[PDB]
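Participant: piece number one of the complex, untouched:
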Amino acid sequence: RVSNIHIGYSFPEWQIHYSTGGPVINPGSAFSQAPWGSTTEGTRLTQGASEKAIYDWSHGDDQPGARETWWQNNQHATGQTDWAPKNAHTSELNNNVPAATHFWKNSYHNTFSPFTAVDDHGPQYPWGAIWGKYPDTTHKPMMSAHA
Amino acid sequence: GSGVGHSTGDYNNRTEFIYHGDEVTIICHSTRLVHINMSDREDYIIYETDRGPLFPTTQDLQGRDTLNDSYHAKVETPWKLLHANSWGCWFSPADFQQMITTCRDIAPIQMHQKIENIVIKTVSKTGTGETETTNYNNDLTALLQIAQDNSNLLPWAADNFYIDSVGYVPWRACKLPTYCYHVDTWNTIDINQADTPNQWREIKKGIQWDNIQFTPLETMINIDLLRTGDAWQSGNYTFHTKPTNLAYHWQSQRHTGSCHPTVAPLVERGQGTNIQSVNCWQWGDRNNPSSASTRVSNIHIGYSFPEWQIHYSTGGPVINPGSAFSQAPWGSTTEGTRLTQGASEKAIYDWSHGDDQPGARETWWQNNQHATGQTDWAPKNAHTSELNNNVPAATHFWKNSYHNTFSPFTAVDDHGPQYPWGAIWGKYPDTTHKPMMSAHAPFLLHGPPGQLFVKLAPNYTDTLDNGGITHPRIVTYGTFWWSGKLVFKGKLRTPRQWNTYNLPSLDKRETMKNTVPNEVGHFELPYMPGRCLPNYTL
Amino acid sequence: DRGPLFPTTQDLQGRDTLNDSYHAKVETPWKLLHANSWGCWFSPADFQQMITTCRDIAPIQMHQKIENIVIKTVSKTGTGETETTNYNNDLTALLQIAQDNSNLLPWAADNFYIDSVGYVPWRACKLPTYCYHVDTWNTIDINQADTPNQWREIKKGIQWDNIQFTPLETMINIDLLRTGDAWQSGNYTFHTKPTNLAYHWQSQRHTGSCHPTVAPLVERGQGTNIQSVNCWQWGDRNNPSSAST
Amino acid sequence: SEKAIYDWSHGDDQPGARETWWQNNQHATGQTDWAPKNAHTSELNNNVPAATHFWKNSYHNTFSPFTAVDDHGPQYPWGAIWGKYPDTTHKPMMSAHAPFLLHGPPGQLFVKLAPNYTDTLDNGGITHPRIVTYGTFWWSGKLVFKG
């Protein structure tokens, strides 16, 4: 049914950009893999632009001389979850059900469009950065991937 | 005076066009009689739904059939929702033609609305058997209760996406849809599986109860109780938005800018020749040939998108729309082969909304046929590795791909207003990134016009026991008169060309006699696009 | 016509169809004069002066003039071999000038064909003729269901029903000038943003805090990345914690 | 990358021929992202991906809300200084050639010689000869920049 906007967008993930400085990750949008069966214990699905913090005794860690890891799947954001292997597209949208041909299951594409409403990570305690810096470029980013 | 026997309002449904230099002010009046009856229950309820019709129970279509899922979970309220959001509510067919002929762009300015001439009465069946007699007699002391939600505390259900609104025809009575809104539920269908391909399976299905949000209207907003002699005023509402363009754009990326230098033809019906060697900016490392196909440009008009993109979300599968464009250049026609590819859309509507006969639903499929400059259809595009004087090889050329070419350079354009059935306005989501443009309603609002809820207060019998088991109530219905005024402003249109235009008419699929009433009074409102006249983009 | 090097055959199976210049225009008797280009306003040393000494720049205001108008006619009396031509003034003759301020006419001065006033100040210049596109469908199908590795044209031609034809005479006021009078543009003020005159060399791995390392002890020695550090990593990954992720 | 084709009237050495200058944009190395060289993998964790779950050769559009990017900038001699926005609901975010996009661009200036007819113009349309005429005028302009 028609709608004015779309919530979320697929992105090739994890996108490895080989740049002039070296390979990097190009992030996708933040979302929870919980609707798809992800859990901290058991099978972990990293797909949601999840991130891990590595920290030591000086920053919020229990014992000296070791580093502790906290992996945050962003588990409360379930409305934004769009994961490209699960999406499909068909050629014609009508009263007929598509054929085996004219249906494409497995593609990875970037659906970010003028219609997409999306949402960022937000503040992460303790370890998240509060602020960040814009680059000076003709096109500034629309939103931040961490801070 | 005021009381039982004095009328609280009058009937005004008519439009006004105020012309001053380079400015048009349209004042739309709409008055409708609304037939309301007692709620199915006095309680809020929350329930899951079935999948829907034509959802697969088997693997035989191997998942391609799962687009049919309507499954969801809602909280249904005793309240009814009354909104005017649609074009056919405010305009008659001749008023909308007047607007789209004489105006360049338009925006809504301010709005207010009223409810008055409230009548409530009860049904008493004394028939006691065959040849049964019913009596309809007033309850002078009885309450219609009205709640306007100004601060938008309640979830937004009035988007006109189910075309449930006040009627289009002024002299007919109307009925309101029941208000209800979604609750959090996971619906995740896996059509692509590692172990077992060509299968579909549901991973997580059900209501998520832990964080569920349940909001009654009683706790959120003040409710006004009205009797037969008093009336209700909305107050003024002011839109904050941008005008929408009433002209369609025919120019593609090769219809804009300076055209390639040519040698004019000497005779009649002769064609010019492109000069081979010219000064040009070319893309890539290419001088030969320097052609209009490859030359630099500041912008690009249109973008490809995977279409139709089926997004399997936490709530279920959805369509992720592409840009609106006409498939006519590729041979699409309403009759014959239909190409749905342009982000086309169909309206389903009934006798209450612009339909000819009662008891049936009519369908209007709009291919957006005037927008031919924006048309970009991914199977037809290609890409090559090197752009130079050489023609690419079989390798280094990719024909069939589906990609999203939306970039910083793309200039694109929306659907625009659709008469009768299109929504006038819509609501932004609150997210860090707001959408750049709307896929249906021409105007997205941060605060949209407040939602207006209407309900009949219950009339109990004498047997209410406080225990909960027996709370009968006497059958009751009511009617009230809804008035509203919406003001638009726009820019006056003047001829930019020598030759005559094609002024907005009736789509070839419609004829004039089906627009006017019948021997029995049946007629349907015609379709008109909000953009019926061409103009230059750049 | 299509243009040079457009395929007439299927031998290159559609890959050759990028060469299409086909279009449809309305050509006007008017000539177009614009200064839009960098080489018009700056000399090579002036542009070097600017890009050396400035961070960013934007245009502010502009005006222009036309004057010292001379019009004359050609008279060939030669009547055969050893032909003589005479160039003599018409004192009463008109140059007509139209400035389009409200942008009612289609926009043809983009400098994409590099047709502009000359770059060299001491040389004479000639203007391109003004013309603009009309609505036409050109749709080539290089990807077909029935017959692959083919190309076919679906819709080709001018769309006459809604066509727009705008003369300058009806849209804008035209000024007629004789040899003694001159023409002024009036002032024009740009509204825009500055553009940055510095290029950026930093990639996504040249920005931000660099990975912690152990500095080299000797000359031409290279530092070593510390294996275990505090970091924010993408995904569920501590090992290795690298500048890549 | 883009190439300019220009003649003696515009910055060219010899008359009667056209010269070509291909500009690879060679100073902008930080922005370089070339799709055949990028890759994406399914899971990002301490494990190295398998042969499956790694996709080398794809071509996708990674433009996202997070991307900071940068345009061509001014090109001497031949680059356009300004350009025109299209009127559409979504205006482009940045220009692919001219450094400055304008809503109203500088007005277009049109020039024509009025016709000088002979005495034989017949009003019928068949014969309207006109005497061969040419002209010269001097164009002056002043453009002000600030930076």
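Facilitator: Received the coordinates, thanks. Numbering: from 1, shown residues only, chains lettered A, B, ... in the order given.
Participant: For whatever residue of chain A ends up closest to chain C, which non-adjacent residue is spatially closest?
Facilitator: Nearest to chain C, among the residues of chain A, is residue A:21, at 3.2 Å (CB to the nearest CB). C-betas here are computed from N, CA, C, even on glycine. Spatially, and ignoring its direct neighbours in sequence, residue A:21 is nearest to residue C:205 (3.2 Å; CB to CB, 6 or more residues apart in numbering or on different chains).
Participant: Okay, and that neighbour sits in which element?
Facilitator: Per DSSP states H and E, residue C:205 falls between elements, in no helix or strand.
Participant: Report how many residues lie close to it.
Facilitator: Using other CB atoms under 10 Å in any protein chain shown, residue C:205 has 18 neighbouring residues.
Participant: tell me the contacts of it?
Facilitator: Contacts for residue C:205 (CB atoms under 8 Å, 6 or more residues apart in numbering or on different chains) come out as A:19, A:21-22, A:24, C:243-244.
Participant: repeat that for 7 Å
Facilitator: Contact partners of residue C:205, counting by CB atoms under 7 Å, 6 or more residues apart in numbering or on different chains, are A:19, A:21-22, A:24, C:243.
Participant: got the phi/psi numbers for it?
Facilitator: For residue C:205, the backbone dihedrals are phi -100, psi 0 (criterion: degrees, to the nearest 10).
Participant: Tell me the one of the contacts of residue C:205 nearest chain D?
Facilitator: residue A:19 (6.6 Å).
Participant: one step back: against chain B, how distant is the residue nearest to residue A:21?
Facilitator: Shown here: residue C:205 relative to chain B, a distance of 22 Å by CB to the nearest CB, to the nearest Å.
Participant: ok so, going back, state the pair within the contacts of residue C:205 that is farthest apart.
Facilitator: Maximum pairwise distance among the contacts of residue C:205 (CB to CB): 11.4 Å, between A:19 and C:243.
Participant: slot chain E in:
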Amino acid sequence: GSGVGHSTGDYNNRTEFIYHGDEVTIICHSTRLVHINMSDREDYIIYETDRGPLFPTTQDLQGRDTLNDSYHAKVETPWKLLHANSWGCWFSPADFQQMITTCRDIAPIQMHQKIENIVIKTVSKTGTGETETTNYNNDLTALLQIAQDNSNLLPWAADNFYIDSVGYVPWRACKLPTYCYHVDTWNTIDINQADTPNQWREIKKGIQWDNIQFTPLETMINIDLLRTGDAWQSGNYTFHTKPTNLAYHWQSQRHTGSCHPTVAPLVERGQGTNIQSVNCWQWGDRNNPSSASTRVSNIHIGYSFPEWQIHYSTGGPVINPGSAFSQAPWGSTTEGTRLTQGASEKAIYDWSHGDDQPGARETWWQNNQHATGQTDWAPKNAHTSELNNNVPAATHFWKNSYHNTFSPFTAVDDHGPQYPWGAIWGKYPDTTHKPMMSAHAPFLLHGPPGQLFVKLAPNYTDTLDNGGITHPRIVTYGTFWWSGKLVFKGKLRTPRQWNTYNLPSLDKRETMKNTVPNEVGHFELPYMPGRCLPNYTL
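Facilitator: Chain E goes in next, on the same frame as the chains above:
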């Protein structure tokens, strides 16, 4: 400054639409380049003319062929006449569409005009044989002489009935017709004779010399001599007239008033039945049946006239027009059988006026096809002696008569404006009884806009002898730029109906591509009627 090398004017040809509430102000600018050359002679002359082509020299068609007489007698003057009277002069096709779409009625308000940028030059042929060379070189001292006739002392020749006016296309050069006017002559042809029937004979033919009136312009009005550096102003002219209605009327005498009482149909596609016994005013002594055919009415719409009425006058045979109406209800069609009966008219026009190709003349026959309410065609009417409950006998009924039913009761309606070629205004005759309405031009004026005369002063050689035999003069021609501004005012039109209109377009006989220029630049202006939209009369 001013002199040889300074231009005296600028080119403005464009229209402006000023909208204020219920009022429209249209300001039309028109500027044209006029090519003028030396007069055929510097003297006035007076001469008779031949009959014309296809006039009978024999009795074989027994007089029916004598309608072809063009015979007359004129006084031809060296002056040329320049008038803007026509619709196609002031409006472009899109401007006229804008007007007739958005306005109810309109009238011209004020007008002024100019002449400037005067160039005069001479032709010198030195070729002296084959391969001849001509030189075109300025005479800086030479005179264009201009005479505006404000008081209307000269006979009125600018009626645009020969469609000789300033050109319709702004970018093309124009040429003026020579001014000349009739002198008194008797032409009387007798097609009905007592002695010898089925013959034709001329009684009195020739110029009547005794009372003849000969008026030069030199004696009547002041003449302005202009050189290349000076320019000419008209002064302001103000029209005094009434607006003309831009809506056509479809209602006949049986489409007006209260309709006969009927019983509505119960089903779909059923038709109602007229109630047999009703209260009515009937004509005559008649109650049975009381039918919509016979019932009283205050007025009558339309009148029959003998048509085509050929009036044999003292000047020759003429057509006496009937009222304008459509023959479409009777089965007339442009293709197929054409019925000319409605006071229809044809325009003959050339490349200079709205025609596609040079060297040929194109014809447009306008049946007035939107006016169907006024249609009264005498062969179809009948009359009977008694009007009562009895049906008339074979006697007392007259079928085939041709009579003029114009009466005090008749309401009738004129042609209205015809684009491009119709005259805007006309001139009243001075007679004791002025006509009630016009047969062509929408506006009849007492003082019409003054006639403007233009002439090149003669350039003699040195051989002028004062004896009259030798007065050679050097071949000279000129060009000047004519500017004018005509202001119109009218009433804004608003929708009176629910359903959409048919907005003014292009006649089925025209297509859009013939309106726009060609590969070689050939195009023709489309026909539009000034009344393209319906409205209720009474």
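Participant: Chain E added, so what about the contacts of residue C:205 now?
Facilitator: A:19, A:21-22, A:24, C:243.
Participant: please redo it, this time with the cut-off set to 6 Å
Facilitator: Contacts for residue C:205 (CB atoms under 6 Å, 6 or more residues apart in numbering or on different chains) come out as A:21-22, A:24, C:243.
Participant: Which single one of the residues you listed is nearest to chain E?
Facilitator: For the contacts of residue C:205, the nearest to chain E is residue A:24 (55.8 Å; CB to the nearest CB).
Participant: who's that closest one bridged to?
Facilitator: Counting by DSSP bridges, residue A:24 is bridged to residue A:17.
Participant: what do you get for residue A:68?
Facilitator: On the basis of DSSP bridges, residue A:68 is bridged to residue A:55.
Participant: Also the one 4 residues further on?
Facilitator: Here residue A:72 shows beta-bridge partners residue A:51, assigned using DSSP bridges.
Participant: same thing with residue A:116?
Facilitator: Going by DSSP bridges, residue A:116 forms beta bridges with residue A:6.
Participant: Over to residue A:90?
Facilitator: The partner residues for residue A:90, given DSSP bridges, come to residue A:103.
Participant: Thanks again, I'm all set now.
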